[PDB]
Amino acid sequence: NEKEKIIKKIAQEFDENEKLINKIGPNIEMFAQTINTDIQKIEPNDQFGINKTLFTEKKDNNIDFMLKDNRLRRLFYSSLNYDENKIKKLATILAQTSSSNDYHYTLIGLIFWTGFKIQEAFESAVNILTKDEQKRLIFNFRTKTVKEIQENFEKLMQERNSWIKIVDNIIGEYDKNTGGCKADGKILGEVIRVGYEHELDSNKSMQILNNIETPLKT
């Protein structure tokens, strides 16, 4: 009954893994469907204002990636739950920022970058955690690993939500007219830089992803 002992433990690990997975499984299925629905959307011809008429080509690499690639623009739109009004409003707000040293272009770029990188990490995690993979986790992994993965997934969900809140706060400065930024594109750039540049962080997302990926290659 070394056998009986091991069998009881295995049955308990299946039971507890399943509860951990059941916490994220319904969500992942919804997110996968939502992602597919966003991918199928027709982008408007104006690209919600994220085009070369409003953001000059060749000022920032991350701006240029957005101007050039509709799939990176789709990621950025999905990073904001494809809220069209919000996307258009942000784009309008950004296209009127200004500065002396052109740094506003770097800030614009890091905003676009942060959004498409967070959504890319999020969608990769969603795409990796298929039903088959979830079943693989339940039946073949120690409960400690399954817990780390489930909680790292919830962490990634939160990163994404904190990113949305940053954008909401940036729009909020403009709506409040902080420092009279509505009338001055330089004031607006500085409002956004000082309030929010340090807040931008797609590195954390991508590390959380890597920590979900590395146990899975087992």
# chains A, B, ... in the order shown; residues from 1 in each chain; ligands from 1
>>> residues_around(residues="residue A:99", least_positions_apart="4", cutoff="9 Å", atoms="only C-alpha atoms", output="list in words")
residues 103, 104, 105, 185, 186, 187, 189 and 190 of chain A
>>> residues_around(residues="residue A:213", least_positions_apart="3", cutoff="10 Å", atoms="only C-alpha atoms", output="mmCIF file with N, CA and C atoms, in the first residue's frame")
data_model
loop_
_atom_site.group_PDB
_atom_site.id
_atom_site.type_symbol
_atom_site.label_atom_id
_atom_site.label_comp_id
_atom_site.auth_asym_id
_atom_site.auth_seq_id
_atom_site.Cartn_x
_atom_site.Cartn_y
_atom_site.Cartn_z
ATOM 1 N N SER A 124 -1.293 35.391 -26.233
ATOM 2 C CA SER A 124 -0.423 34.208 -26.235
ATOM 3 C C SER A 124 -0.767 33.267 -25.086
ATOM 4 N N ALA A 125 -0.905 33.817 -23.884
ATOM 5 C CA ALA A 125 -1.347 33.054 -22.731
ATOM 6 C C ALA A 125 -2.718 32.419 -23.004
ATOM 7 N N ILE A 128 -2.237 29.584 -25.494
ATOM 8 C CA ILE A 128 -1.478 28.456 -24.934
ATOM 9 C C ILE A 128 -2.356 27.621 -23.996
ATOM 10 N N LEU A 129 -3.261 28.300 -23.286
ATOM 11 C CA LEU A 129 -4.106 27.607 -22.307
ATOM 12 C C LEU A 129 -5.384 27.044 -22.902
ATOM 13 N N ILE A 149 0.516 28.681 -12.330
ATOM 14 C CA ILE A 149 0.007 29.032 -13.655
ATOM 15 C C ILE A 149 -1.330 29.777 -13.583
ATOM 16 N N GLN A 207 7.019 39.064 -18.776
ATOM 17 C CA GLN A 207 7.586 38.167 -17.774
ATOM 18 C C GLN A 207 6.554 37.195 -17.203
ATOM 19 N N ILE A 208 5.367 37.694 -16.855
ATOM 20 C CA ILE A 208 4.304 36.809 -16.386
ATOM 21 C C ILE A 208 4.024 35.723 -17.427
ATOM 22 N N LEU A 209 4.077 36.084 -18.717
ATOM 23 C CA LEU A 209 3.844 35.123 -19.798
ATOM 24 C C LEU A 209 4.905 34.016 -19.783
ATOM 25 N N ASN A 210 6.164 34.450 -19.729
ATOM 26 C CA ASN A 210 7.325 33.556 -19.697
ATOM 27 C C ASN A 210 7.227 32.557 -18.523
ATOM 28 N N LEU A 216 5.230 24.754 -18.875
ATOM 29 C CA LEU A 216 4.441 24.025 -19.844
ATOM 30 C C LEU A 216 5.269 23.225 -20.842
ATOM 31 N N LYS A 217 6.514 23.641 -21.073
ATOM 32 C CA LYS A 217 7.374 22.927 -22.024
ATOM 33 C C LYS A 217 7.762 21.526 -21.521
ATOM 34 N N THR A 218 7.643 21.298 -20.210
ATOM 35 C CA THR A 218 7.655 19.948 -19.619
ATOM 36 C C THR A 218 6.727 18.994 -20.362
#
>>> residues_around(residues="residue A:82", least_positions_apart="3", cutoff="12 Å", atoms="only C-alpha atoms", output="NGL selection string")
:A and (34-35 or 37-43 or 48 or 73-79 or 85-88 or 115 or 119 or 164)
>>> residues_around(residues="stretch 194-196 of chain A", least_positions_apart="3", cutoff="9 Å", atoms="only C-alpha atoms", output="VMD selection string")
chain A and resid 166 169 to 170 189 to 191 199 to 200
>>> select_by_dssp(residues="stretch 31-147 of chain A", states="alpha helix (DSSP H)", output="PyMOL selection string")
chain A and resi 31-40+61-68+70-78+84-95+103-128+131-140+143-147
>>> atom_distance(atom1="atom CA of residue A:6", atom2="atom CA of residue A:142")
12.8 Å
>>> residues_around(residues="residue A:95", least_positions_apart="6", cutoff="10 Å", atoms="only C-alpha atoms", output="ChimeraX atom specification")
/A:49-51,53-56,104-105,108,185
>>> atom_distance(atom1="atom CA of residue A:121", atom2="atom CA of residue A:135")
21.8 Å
>>> closest_atom_pairs(of="stretch 88-143 of chain A", to="stretch 8-16 of chain A", cutoff="6 Å", atoms="only C-alpha atoms", output="tab-separated table")
residue	atom	partner	partner_atom	distance
A:138	CA	A:14	CA	5.6
A:139	CA	A:14	CA	5.8
A:143	CA	A:13	CA	5.7
>>> write_last_selection(atoms="N, CA and C atoms", output="tab-separated table (two decimals), in the first residue's frame")
chain	number	residue	atom	x	y	z
A	138	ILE	N	-4.38	19.42	-15.54
A	138	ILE	CA	-5.13	18.81	-14.46
A	138	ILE	C	-4.52	17.44	-14.17
A	139	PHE	N	-4.27	16.68	-15.24
A	139	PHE	CA	-3.96	15.26	-15.10
A	139	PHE	C	-2.48	14.89	-14.99
A	143	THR	N	-0.06	20.05	-8.08
A	143	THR	CA	-0.96	21.14	-7.74
A	143	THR	C	-0.26	22.48	-7.54
>>> atom_distance(atom1="atom CA of residue A:158", atom2="atom CA of residue A:201")
12.6 Å
